[PDB]
Amino acid sequence: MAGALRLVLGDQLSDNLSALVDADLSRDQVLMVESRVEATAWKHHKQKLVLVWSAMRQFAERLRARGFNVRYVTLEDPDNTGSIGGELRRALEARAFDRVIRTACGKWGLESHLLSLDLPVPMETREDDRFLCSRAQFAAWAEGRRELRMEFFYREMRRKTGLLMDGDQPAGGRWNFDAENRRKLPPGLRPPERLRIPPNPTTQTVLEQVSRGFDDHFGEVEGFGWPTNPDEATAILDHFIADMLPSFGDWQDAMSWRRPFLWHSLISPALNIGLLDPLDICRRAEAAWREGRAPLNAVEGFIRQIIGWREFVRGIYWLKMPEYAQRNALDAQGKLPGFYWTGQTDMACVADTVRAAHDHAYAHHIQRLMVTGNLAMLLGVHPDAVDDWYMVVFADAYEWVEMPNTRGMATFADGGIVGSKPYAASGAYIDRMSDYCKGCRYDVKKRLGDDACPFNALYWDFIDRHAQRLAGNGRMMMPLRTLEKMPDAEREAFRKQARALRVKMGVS
Ligand SMILES: Cc1cc2nc3c(=O)[nH]c(=O)nc-3n(C[C@H](O)[C@H](O)[C@H](O)COP(=O)(O)OP(=O)(O)OC[C@H]3O[C@@H](n4cnc5c(N)ncnc54)[C@H](O)[C@@H]3O)c2cc1C
Ligand SMILES: Cc1nc2c(=O)[nH]c(=O)nc-2n(C[C@H](O)[C@H](O)[C@H](O)CO)c1C
Ligand code: SF4
């Protein structure tokens with residue numbers, strides 16, 4: 001009869017939060033904490049800090065309007081203990097509470113710490129039902145599978161959600177339409193201007209506090225253009241479904257110098273804090289095709305990314321955690337190059353990627369994977385350091401989705417649990433889907449020499465090094481034949497050029 005103390009973390013700003021459903025507005029109280037422990041666990045991008053904290057403060061006001069009692073502890077409060085557990089104990093000392101209600105979070109280290117907390121009252125933990133697949137449904141699907149592939153999971157979510165289904169058959173007759181016919185942009189096709197949200201009063205105040213207090217964190221805060229409440233986020237989604245969704249897919253993998261956004265949705269930073277809903281989004285995209293405003297392939301490719309990939313990596317993470325976070329399949333022990341933070345690189349494709357990380361805290365999926373991620377796995381950088389960089393510089397970065405994408409797909413450290421194969425590539429690829437190799441100090445058609453493309457030699461060293469391991473996958477074959485046809489002076493050439501580059505790039 002005392003009431004419930006309900007917690008709401010920074011990435012759970014949703015009205016339908018399982019922790020808030022069934023609240024007694026007359027007895028219960030909601031807790032929201034701006035924690036410097038969570039803000040410093042990594043040194044997140046300045047923009048990621050502004051986004052979360054500005055969204056939280058507005059979300060609280062939304063609850064106060066509806067009649068919710070909300071205890072909001074700011075990062076200014078001189079009594080804020082700085083942690084979730086500390087402020088949980090401080091709330092229970094203020095008044096009486098029957099129990100505590102919360103929703104499982106997206107960080108294993110945190111969700112584990114919280115389950116162990118010794119509290120004077122019981123603590124009920126509920127599942128995060130905003131996701132289309134529950135942690136116990138993925139493990140059921142997985143049982144007995146030699147390898148976990150995404151396409152088969154995807155077909156199972158299409159049949160469960162009913163998206164893009166006409167009867168029991170997939171719209172199209174085919175489940176998937178992704179093809180190999182990718183390419184770069186023409187000389188004359190300029191990408192269209194994208195909609196950026198000007199900071200509202202509250203966002204402006206958070207931006208000022210972050211510029212002053214967190215000056216050491218990575219990235220620039222000027223030009224912040226992310227949405228912070230459902231209204232702003234909805235405008236961003238309307239802009240994508242109307243202007244960009246048709247051509248989505250046509251350019252899903254291309255790359256353009258000084259144009260990081262291209263035809264992407266830019267919704268991950270809002271979706272991951274809950275300002276949007278995954279199901280609602282996929283139904284808008286289907287309605288777009290159903291009604292004739294966008295082709296089917298564009299809609300199926302986009303929807304596949306949300307009910308397929310996004311739900312898949314989460315299903316892996318919780319299934320294999322906490323051992324997943326300690327796996328180093330290739331035994332990489334090299335430091336990260338300094339230009340991953342400073343951007344000072346005559347490699348024009350990596351620099352544009354850090355510039356977009358610095359100025360926009362964003363980079364689309366192909367860049368994170370085939371440039372910086374491909375590189376990180378070629379040089380052989382320790383996976384812990386790679387995870388750090390990806391959790392810092394990007395505004396959509398949370399462990400449950402970052403780690404299976406990086407430790408798994410990009411660098412193969414997990415050993416193929418996520419990706420099935422290493423996405424290793426030479427400079428020929430980047431030249432194929434981008435326009436960097438035009439104005440770069442390096443030659444994309446040279447393998448060795450201080451004017452040659454590092455990706456060429458570094459790629460051939462990654463094959464020779466792990467040749468006897470790649471033979472097992474069966475899909476990394478072809479590069480192994482070319483790994484032959486090599487006069488031992490040729491093979492030996494890139495190996496010392498790889499060592500030279502390594503030492504040069506500062507990775508021992
Ligand atoms: C090395 C690496 C690290 C990544 N780290 C993150 C991360 O920390 N957070 C994150 O949300 N995504 C991450 N991704 C996935 C992908 O890069 C981003 O989701 C995407 O770039 C965000 O841009 P967008 O919103 O315009 O996506 P779009 O291209 O518009 O795609 C639509 C939606 O699909 C989802 N999606 C697409 N690809 C993936 C994927 N591989 N995994 C999960 N969801 C996906 C996102 O919710 C995205 O908003 C990573 C990918 C790689 C290769
Ligand atoms: C930067 C940040 N700040 C806060 C905060 O001030 N308060 C909070 O409750 N959560 C914050 N978070 C989110 C968590 O640290 C964590 O990354 C997610 O909740 C994962 O579920 C983040 C990521
Ligand atoms: S030549 Fe190599 S380093 Fe230069 S842009 Fe092309 S792939 Fe990148």
# chains A, B, ... in the order shown; residues from 1 in each chain; ligands from 1

$ select_by_dssp --residues "region 111-294 of chain A" --states "strand (DSSP E)" --output "PyMOL selection string"
chain A and resi 123-126+165-166+169-170

$ select_by_dssp --residues "region 104-316 of chain A" --states "helix (DSSP H, G or I)" --output "JSON, numbers by chain"
{"A": [108, 109, 110, 111, 112, 113, 114, 115, 116, 135, 136, 137, 138, 139, 140, 141, 142, 150, 151, 152, 153, 154, 155, 156, 157, 158, 159, 160, 161, 201, 202, 203, 204, 205, 206, 207, 208, 209, 210, 211, 212, 213, 230, 231, 232, 233, 234, 235, 236, 237, 238, 239, 240, 241, 242, 243, 244, 268, 269, 270, 271, 278, 279, 280, 281, 282, 283, 284, 285, 286, 287, 288, 289, 290, 296, 297, 298, 299, 300, 301, 302, 303, 304, 305, 306, 307, 308, 309, 310, 311, 312, 313, 314, 315, 316]}

$ residues_near_ligand --ligand "ligand 3" --cutoff "9 Å" --atoms "only C-alpha atoms and all ligand atoms" --output "PyMOL selection string"
chain A and resi 346-350+371+426-432+434-446+452-456

$ write_last_selection --atoms "C-alpha atoms" --output "compact mmCIF listing (two decimals), in the first residue's frame"
# COMPACT_ATOMS: atom_id res chain seq x y z
CA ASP A 346 47.11 10.77 -45.79
CA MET A 347 44.67 7.84 -46.22
CA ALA A 348 41.77 9.87 -47.62
CA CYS A 349 39.13 7.20 -46.94
CA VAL A 350 39.95 6.83 -43.23
CA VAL A 371 37.07 1.17 -44.07
CA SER A 426 41.83 -4.43 -50.26
CA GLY A 427 41.84 -0.93 -51.70
CA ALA A 428 40.18 -2.21 -54.88
CA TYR A 429 36.87 -2.41 -53.01
CA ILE A 430 36.92 1.13 -51.60
CA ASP A 431 37.89 2.38 -55.05
CA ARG A 432 34.86 0.49 -56.38
CA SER A 434 33.67 5.47 -53.37
CA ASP A 435 35.47 8.45 -54.90
CA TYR A 436 38.35 8.77 -52.40
CA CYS A 437 41.13 7.20 -54.49
CA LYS A 438 41.04 10.21 -56.82
CA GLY A 439 42.48 12.75 -54.38
CA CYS A 440 44.64 10.59 -52.11
CA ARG A 441 48.41 10.67 -51.68
CA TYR A 442 48.41 6.89 -52.17
CA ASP A 443 48.00 4.89 -55.38
CA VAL A 444 45.09 2.44 -55.32
CA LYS A 445 46.79 0.27 -57.96
CA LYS A 446 50.15 -0.08 -56.15
CA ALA A 452 51.10 2.54 -52.30
CA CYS A 453 47.68 1.89 -50.80
CA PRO A 454 48.16 0.35 -47.32
CA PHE A 455 44.97 -1.70 -47.71
CA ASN A 456 46.60 -3.64 -50.55

$ residues_around --residues "residue 18 (chain A)" --least-positions-apart "2" --cutoff "9 Å" --atoms "only C-alpha atoms" --output "ChimeraX atom specification"
/A:15-16,20-22,102-103,126-130

$ write_last_selection --atoms "N, CA, C and O atoms" --output "CSV table (one decimal), in the first residue's frame"
chain,number,residue,atom,x,y,z
A,15,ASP,N,7.0,5.6,-23.7
A,15,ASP,CA,5.7,5.6,-22.9
A,15,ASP,C,5.3,4.2,-22.5
A,15,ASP,O,4.8,4.0,-21.4
A,16,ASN,N,5.6,3.2,-23.4
A,16,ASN,CA,5.1,1.9,-23.2
A,16,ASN,C,6.2,1.0,-22.5
A,16,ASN,O,6.2,-0.2,-22.5
A,20,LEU,N,6.8,1.1,-16.7
A,20,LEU,CA,5.8,2.1,-16.4
A,20,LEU,C,4.3,1.6,-16.6
A,20,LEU,O,3.4,2.1,-16.0
A,21,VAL,N,4.2,0.5,-17.3
A,21,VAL,CA,2.8,-0.1,-17.5
A,21,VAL,C,2.3,-0.6,-16.2
A,21,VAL,O,3.0,-1.5,-15.6
A,22,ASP,N,1.2,-0.1,-15.7
A,22,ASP,CA,0.5,-0.5,-14.5
A,22,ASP,C,0.9,0.3,-13.3
A,22,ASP,O,0.7,0.0,-12.2
A,102,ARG,N,11.9,-2.1,-12.6
A,102,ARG,CA,12.8,-1.6,-13.6
A,102,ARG,C,12.7,-2.5,-14.8
A,102,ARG,O,12.0,-3.6,-14.8
A,103,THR,N,13.3,-2.1,-15.9
A,103,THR,CA,13.3,-2.8,-17.2
A,103,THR,C,14.8,-3.2,-17.5
A,103,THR,O,15.6,-2.3,-17.4
A,126,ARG,N,11.7,-6.6,-15.4
A,126,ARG,CA,10.9,-7.0,-16.5
A,126,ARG,C,11.7,-6.9,-17.8
A,126,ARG,O,12.6,-6.1,-18.0
A,127,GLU,N,11.2,-7.6,-18.8
A,127,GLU,CA,11.8,-7.7,-20.1
A,127,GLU,C,11.5,-6.4,-20.9
A,127,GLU,O,10.5,-5.8,-20.8
A,128,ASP,N,12.5,-6.0,-21.8
A,128,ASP,CA,12.3,-4.9,-22.6
A,128,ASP,C,11.5,-5.3,-23.9
A,128,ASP,O,12.1,-5.8,-24.9
A,129,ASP,N,10.2,-5.1,-23.8
A,129,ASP,CA,9.3,-5.6,-24.8
A,129,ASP,C,9.2,-4.6,-26.0
A,129,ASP,O,8.3,-4.9,-26.9
A,130,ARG,N,9.9,-3.6,-26.1
A,130,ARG,CA,10.0,-2.7,-27.3
A,130,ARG,C,10.6,-3.5,-28.4
A,130,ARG,O,10.3,-3.2,-29.6

$ residues_near_ligand --ligand "ligand 1" --cutoff "6 Å" --atoms "only C-alpha atoms and all ligand atoms" --output "NGL selection string"
:A and (264-268 or 302 or 305-306 or 309-310 or 363-365 or 368-369 or 373 or 396-398 or 401-402 or 405-406 or 410)

$ write_last_selection --atoms "N, CA, C and O atoms" --output "mmCIF file, in the first residue's frame"
data_model
loop_
_atom_site.group_PDB
_atom_site.id
_atom_site.type_symbol
_atom_site.label_atom_id
_atom_site.label_comp_id
_atom_site.auth_asym_id
_atom_site.auth_seq_id
_atom_site.Cartn_x
_atom_site.Cartn_y
_atom_site.Cartn_z
ATOM 1 N N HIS A 264 20.474 7.623 -46.123
ATOM 2 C CA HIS A 264 20.182 6.792 -44.965
ATOM 3 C C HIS A 264 19.107 7.441 -44.092
ATOM 4 O O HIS A 264 18.707 8.589 -44.301
ATOM 5 N N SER A 265 18.632 6.680 -43.101
ATOM 6 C CA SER A 265 17.542 7.118 -42.234
ATOM 7 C C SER A 265 18.001 8.002 -41.080
ATOM 8 O O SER A 265 17.239 8.869 -40.636
ATOM 9 N N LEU A 266 19.217 7.799 -40.571
ATOM 10 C CA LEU A 266 19.752 8.635 -39.498
ATOM 11 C C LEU A 266 18.934 8.498 -38.220
ATOM 12 O O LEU A 266 18.909 9.406 -37.386
ATOM 13 N N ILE A 267 18.257 7.362 -38.058
ATOM 14 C CA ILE A 267 17.323 7.187 -36.953
ATOM 15 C C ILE A 267 17.914 6.413 -35.777
ATOM 16 O O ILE A 267 17.351 6.470 -34.673
ATOM 17 N N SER A 268 19.025 5.708 -35.972
ATOM 18 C CA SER A 268 19.569 4.878 -34.900
ATOM 19 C C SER A 268 19.741 5.623 -33.583
ATOM 20 O O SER A 268 19.370 5.059 -32.539
ATOM 21 N N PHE A 302 15.306 -2.104 -46.320
ATOM 22 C CA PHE A 302 15.273 -1.296 -45.105
ATOM 23 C C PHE A 302 14.671 -2.079 -43.946
ATOM 24 O O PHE A 302 15.220 -2.086 -42.838
ATOM 25 N N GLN A 305 16.895 -4.567 -42.230
ATOM 26 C CA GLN A 305 17.903 -4.045 -41.316
ATOM 27 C C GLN A 305 17.394 -3.937 -39.886
ATOM 28 O O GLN A 305 18.203 -3.952 -38.953
ATOM 29 N N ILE A 306 16.084 -3.836 -39.692
ATOM 30 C CA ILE A 306 15.503 -3.539 -38.387
ATOM 31 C C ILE A 306 14.981 -4.796 -37.703
ATOM 32 O O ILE A 306 15.322 -5.071 -36.553
ATOM 33 N N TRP A 309 18.749 -7.606 -38.868
ATOM 34 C CA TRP A 309 20.071 -7.367 -38.295
ATOM 35 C C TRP A 309 19.972 -6.875 -36.856
ATOM 36 O O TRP A 309 20.547 -7.473 -35.940
ATOM 37 N N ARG A 310 19.247 -5.775 -36.637
ATOM 38 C CA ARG A 310 19.169 -5.187 -35.302
ATOM 39 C C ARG A 310 18.734 -6.216 -34.265
ATOM 40 O O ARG A 310 19.357 -6.355 -33.205
ATOM 41 N N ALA A 363 28.333 7.616 -38.949
ATOM 42 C CA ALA A 363 28.939 7.053 -40.150
ATOM 43 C C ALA A 363 28.118 5.840 -40.557
ATOM 44 O O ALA A 363 27.828 4.986 -39.715
ATOM 45 N N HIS A 364 27.745 5.762 -41.834
ATOM 46 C CA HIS A 364 26.818 4.717 -42.239
ATOM 47 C C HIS A 364 27.516 3.354 -42.275
ATOM 48 O O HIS A 364 28.742 3.238 -42.174
ATOM 49 N N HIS A 365 26.697 2.310 -42.418
ATOM 50 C CA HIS A 365 27.126 0.960 -42.062
ATOM 51 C C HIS A 365 28.338 0.509 -42.868
ATOM 52 O O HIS A 365 29.197 -0.216 -42.351
ATOM 53 N N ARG A 368 31.735 2.176 -41.421
ATOM 54 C CA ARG A 368 32.132 1.567 -40.156
ATOM 55 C C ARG A 368 32.729 0.182 -40.357
ATOM 56 O O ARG A 368 33.519 -0.284 -39.527
ATOM 57 N N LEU A 369 32.368 -0.487 -41.451
ATOM 58 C CA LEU A 369 32.707 -1.886 -41.673
ATOM 59 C C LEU A 369 33.889 -2.072 -42.617
ATOM 60 O O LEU A 369 34.869 -2.728 -42.257
ATOM 61 N N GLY A 373 36.663 -0.534 -39.865
ATOM 62 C CA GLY A 373 36.570 -1.863 -39.281
ATOM 63 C C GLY A 373 37.424 -2.870 -40.026
ATOM 64 O O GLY A 373 38.173 -3.642 -39.420
ATOM 65 N N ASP A 396 24.917 6.368 -31.684
ATOM 66 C CA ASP A 396 23.984 5.257 -31.549
ATOM 67 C C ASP A 396 24.603 4.072 -30.813
ATOM 68 O O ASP A 396 24.069 2.961 -30.879
ATOM 69 N N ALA A 397 25.701 4.296 -30.089
ATOM 70 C CA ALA A 397 26.571 3.219 -29.624
ATOM 71 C C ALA A 397 26.174 2.775 -28.219
ATOM 72 O O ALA A 397 26.334 3.524 -27.250
ATOM 73 N N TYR A 398 25.670 1.546 -28.114
ATOM 74 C CA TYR A 398 25.436 0.873 -26.844
ATOM 75 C C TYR A 398 25.920 -0.565 -26.983
ATOM 76 O O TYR A 398 25.847 -1.148 -28.068
ATOM 77 N N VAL A 401 24.438 -3.603 -29.105
ATOM 78 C CA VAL A 401 24.465 -3.550 -30.556
ATOM 79 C C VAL A 401 25.861 -3.271 -31.105
ATOM 80 O O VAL A 401 26.185 -3.737 -32.204
ATOM 81 N N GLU A 402 26.701 -2.537 -30.372
ATOM 82 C CA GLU A 402 28.046 -2.237 -30.855
ATOM 83 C C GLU A 402 28.912 -3.493 -30.899
ATOM 84 O O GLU A 402 29.587 -3.759 -31.900
ATOM 85 N N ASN A 405 28.435 -6.171 -33.641
ATOM 86 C CA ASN A 405 28.743 -5.580 -34.938
ATOM 87 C C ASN A 405 30.245 -5.400 -35.127
ATOM 88 O O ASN A 405 30.761 -5.591 -36.234
ATOM 89 N N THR A 406 30.959 -5.031 -34.062
ATOM 90 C CA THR A 406 32.400 -4.762 -34.151
ATOM 91 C C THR A 406 33.200 -6.031 -33.873
ATOM 92 O O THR A 406 33.873 -6.559 -34.764
ATOM 93 N N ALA A 410 32.769 -6.911 -38.066
ATOM 94 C CA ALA A 410 33.806 -6.074 -38.663
ATOM 95 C C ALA A 410 35.190 -6.706 -38.569
ATOM 96 O O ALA A 410 35.951 -6.681 -39.542
#

$ atom_distance --atom1 "CA of residue 290 (chain A)" --atom2 "CA of residue 170 (chain A)"
13.2 Å

$ atom_distance --atom1 "CA of residue 387 (chain A)" --atom2 "CA of residue 151 (chain A)"
25.4 Å

$ residues_around --residues "residue 82 (chain A)" --least-positions-apart "4" --cutoff "10 Å" --atoms "only C-alpha atoms" --output "list in words"
residues 33, 34, 35, 36, 37, 38, 39, 73, 74, 75, 77, 78, 86 and 87 of chain A

$ closest_atom_pairs --of "chain A" --to "ligand 2" --cutoff "8 Å" --atoms "only C-alpha atoms and all ligand atoms" --output "CSV"
residue,atom,partner,partner_atom_place_in_ligand_line,distance
A:8,CA,ligand 2,9 (O),6.6
A:9,CA,ligand 2,9 (O),3.5
A:10,CA,ligand 2,10 (N),3.7
A:11,CA,ligand 2,19 (O),4.9
A:12,CA,ligand 2,19 (O),7.1
A:32,CA,ligand 2,9 (O),6.2
A:33,CA,ligand 2,7 (N),5.0
A:34,CA,ligand 2,6 (O),3.1
A:35,CA,ligand 2,6 (O),4.0
A:36,CA,ligand 2,6 (O),6.5
A:37,CA,ligand 2,15 (O),7.6
A:38,CA,ligand 2,15 (O),4.0
A:39,CA,ligand 2,1 (C),4.2
A:40,CA,ligand 2,1 (C),7.7
A:41,CA,ligand 2,15 (O),7.8
A:44,CA,ligand 2,1 (C),6.9
A:48,CA,ligand 2,1 (C),6.5
A:49,CA,ligand 2,1 (C),5.1
A:52,CA,ligand 2,2 (C),6.2
A:53,CA,ligand 2,6 (O),6.2
A:75,CA,ligand 2,6 (O),7.8
A:84,CA,ligand 2,9 (O),6.8
A:104,CA,ligand 2,21 (O),7.3
A:105,CA,ligand 2,21 (O),3.5
A:106,CA,ligand 2,21 (O),3.4
A:107,CA,ligand 2,20 (C),4.8
A:110,CA,ligand 2,20 (C),7.6
A:111,CA,ligand 2,21 (O),7.9
A:398,CA,ligand 2,17 (O),5.5
A:399,CA,ligand 2,17 (O),7.2
A:400,CA,ligand 2,20 (C),7.8

$ write_last_selection --atoms "N, CA and C atoms" --output "PDB file, in the first residue's frame"
ATOM      1  N   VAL A   8      13.941   4.421 -14.627  1.00  0.00           N
ATOM      2  CA  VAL A   8      13.930   4.636 -16.072  1.00  0.00           C
ATOM      3  C   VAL A   8      15.322   5.115 -16.463  1.00  0.00           C
ATOM      4  N   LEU A   9      16.042   4.304 -17.235  1.00  0.00           N
ATOM      5  CA  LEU A   9      17.394   4.646 -17.642  1.00  0.00           C
ATOM      6  C   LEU A   9      17.364   5.555 -18.869  1.00  0.00           C
ATOM      7  N   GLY A  10      18.552   5.992 -19.295  1.00  0.00           N
ATOM      8  CA  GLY A  10      18.664   6.966 -20.367  1.00  0.00           C
ATOM      9  C   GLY A  10      18.268   6.452 -21.735  1.00  0.00           C
ATOM     10  N   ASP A  11      18.260   5.134 -21.935  1.00  0.00           N
ATOM     11  CA  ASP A  11      17.899   4.560 -23.225  1.00  0.00           C
ATOM     12  C   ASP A  11      16.532   3.886 -23.197  1.00  0.00           C
ATOM     13  N   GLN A  12      15.655   4.304 -22.285  1.00  0.00           N
ATOM     14  CA  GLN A  12      14.335   3.709 -22.107  1.00  0.00           C
ATOM     15  C   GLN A  12      13.268   4.787 -22.030  1.00  0.00           C
ATOM     16  N   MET A  32      15.027   8.972 -12.232  1.00  0.00           N
ATOM     17  CA  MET A  32      15.828   9.230 -13.422  1.00  0.00           C
ATOM     18  C   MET A  32      17.107   9.918 -12.974  1.00  0.00           C
ATOM     19  N   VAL A  33      18.255   9.353 -13.346  1.00  0.00           N
ATOM     20  CA  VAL A  33      19.546   9.786 -12.824  1.00  0.00           C
ATOM     21  C   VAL A  33      20.491  10.061 -13.984  1.00  0.00           C
ATOM     22  N   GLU A  34      21.069  11.259 -14.000  1.00  0.00           N
ATOM     23  CA  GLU A  34      22.162  11.586 -14.911  1.00  0.00           C
ATOM     24  C   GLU A  34      23.449  11.146 -14.226  1.00  0.00           C
ATOM     25  N   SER A  35      23.961   9.986 -14.627  1.00  0.00           N
ATOM     26  CA  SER A  35      25.047   9.319 -13.922  1.00  0.00           C
ATOM     27  C   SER A  35      26.375   9.581 -14.618  1.00  0.00           C
ATOM     28  N   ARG A  36      27.345  10.089 -13.859  1.00  0.00           N
ATOM     29  CA  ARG A  36      28.688  10.264 -14.391  1.00  0.00           C
ATOM     30  C   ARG A  36      29.442   8.947 -14.489  1.00  0.00           C
ATOM     31  N   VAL A  37      28.982   7.908 -13.793  1.00  0.00           N
ATOM     32  CA  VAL A  37      29.552   6.579 -13.988  1.00  0.00           C
ATOM     33  C   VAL A  37      29.217   6.064 -15.381  1.00  0.00           C
ATOM     34  N   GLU A  38      27.950   6.199 -15.787  1.00  0.00           N
ATOM     35  CA  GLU A  38      27.537   5.770 -17.119  1.00  0.00           C
ATOM     36  C   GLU A  38      28.059   6.709 -18.198  1.00  0.00           C
ATOM     37  N   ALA A  39      28.277   7.979 -17.858  1.00  0.00           N
ATOM     38  CA  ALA A  39      28.821   8.930 -18.818  1.00  0.00           C
ATOM     39  C   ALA A  39      30.330   8.806 -18.972  1.00  0.00           C
ATOM     40  N   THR A  40      31.014   8.173 -18.014  1.00  0.00           N
ATOM     41  CA  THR A  40      32.459   8.007 -18.071  1.00  0.00           C
ATOM     42  C   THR A  40      32.917   6.561 -18.198  1.00  0.00           C
ATOM     43  N   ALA A  41      32.016   5.579 -18.081  1.00  0.00           N
ATOM     44  CA  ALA A  41      32.390   4.196 -18.359  1.00  0.00           C
ATOM     45  C   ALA A  41      33.229   4.135 -19.627  1.00  0.00           C
ATOM     46  N   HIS A  44      32.272   9.052 -23.926  1.00  0.00           N
ATOM     47  CA  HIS A  44      31.364   9.135 -25.058  1.00  0.00           C
ATOM     48  C   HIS A  44      31.522  10.462 -25.796  1.00  0.00           C
ATOM     49  N   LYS A  48      26.653  12.453 -28.002  1.00  0.00           N
ATOM     50  CA  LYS A  48      25.903  11.387 -27.348  1.00  0.00           C
ATOM     51  C   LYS A  48      25.454  11.810 -25.956  1.00  0.00           C
ATOM     52  N   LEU A  49      26.290  12.572 -25.246  1.00  0.00           N
ATOM     53  CA  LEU A  49      25.901  13.071 -23.931  1.00  0.00           C
ATOM     54  C   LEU A  49      24.743  14.054 -24.039  1.00  0.00           C
ATOM     55  N   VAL A  52      21.278  12.185 -24.961  1.00  0.00           N
ATOM     56  CA  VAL A  52      20.607  11.410 -23.920  1.00  0.00           C
ATOM     57  C   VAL A  52      20.046  12.332 -22.846  1.00  0.00           C
ATOM     58  N   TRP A  53      20.891  13.212 -22.310  1.00  0.00           N
ATOM     59  CA  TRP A  53      20.483  14.022 -21.168  1.00  0.00           C
ATOM     60  C   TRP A  53      19.371  14.995 -21.543  1.00  0.00           C
ATOM     61  N   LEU A  75      23.034  16.078 -13.032  1.00  0.00           N
ATOM     62  CA  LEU A  75      24.478  15.992 -12.844  1.00  0.00           C
ATOM     63  C   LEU A  75      25.034  17.188 -12.093  1.00  0.00           C
ATOM     64  N   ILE A  84      23.916   4.550 -10.583  1.00  0.00           N
ATOM     65  CA  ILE A  84      22.546   4.051 -10.531  1.00  0.00           C
ATOM     66  C   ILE A  84      22.267   3.408  -9.178  1.00  0.00           C
ATOM     67  N   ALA A 104      15.013  -4.421 -17.893  1.00  0.00           N
ATOM     68  CA  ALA A 104      16.359  -4.849 -18.251  1.00  0.00           C
ATOM     69  C   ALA A 104      16.985  -3.875 -19.241  1.00  0.00           C
ATOM     70  N   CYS A 105      18.263  -3.572 -19.033  1.00  0.00           N
ATOM     71  CA  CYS A 105      18.972  -2.598 -19.848  1.00  0.00           C
ATOM     72  C   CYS A 105      19.772  -3.306 -20.941  1.00  0.00           C
ATOM     73  N   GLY A 106      20.619  -2.549 -21.633  1.00  0.00           N
ATOM     74  CA  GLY A 106      21.353  -3.086 -22.761  1.00  0.00           C
ATOM     75  C   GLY A 106      22.834  -3.264 -22.508  1.00  0.00           C
ATOM     76  N   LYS A 107      23.229  -3.299 -21.237  1.00  0.00           N
ATOM     77  CA  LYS A 107      24.624  -3.484 -20.854  1.00  0.00           C
ATOM     78  C   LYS A 107      24.704  -4.621 -19.846  1.00  0.00           C
ATOM     79  N   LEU A 110      26.107  -3.788 -16.409  1.00  0.00           N
ATOM     80  CA  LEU A 110      25.173  -3.053 -15.566  1.00  0.00           C
ATOM     81  C   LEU A 110      24.026  -3.946 -15.107  1.00  0.00           C
ATOM     82  N   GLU A 111      23.380  -4.638 -16.048  1.00  0.00           N
ATOM     83  CA  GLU A 111      22.256  -5.499 -15.694  1.00  0.00           C
ATOM     84  C   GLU A 111      22.663  -6.573 -14.694  1.00  0.00           C
ATOM     85  N   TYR A 398      25.670   1.546 -28.114  1.00  0.00           N
ATOM     86  CA  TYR A 398      25.436   0.873 -26.844  1.00  0.00           C
ATOM     87  C   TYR A 398      25.920  -0.565 -26.983  1.00  0.00           C
ATOM     88  N   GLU A 399      26.427  -1.132 -25.882  1.00  0.00           N
ATOM     89  CA  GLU A 399      27.172  -2.389 -25.979  1.00  0.00           C
ATOM     90  C   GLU A 399      26.376  -3.480 -26.688  1.00  0.00           C
ATOM     91  N   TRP A 400      25.076  -3.582 -26.406  1.00  0.00           N
ATOM     92  CA  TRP A 400      24.305  -4.711 -26.923  1.00  0.00           C
ATOM     93  C   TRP A 400      24.304  -4.755 -28.448  1.00  0.00           C
TER      94      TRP A 400
END

$ closest_residue --among "A:154, A:31, A:221, A:240" --to "residue 288 (chain A)" --atoms "only C-alpha atoms"
A:240
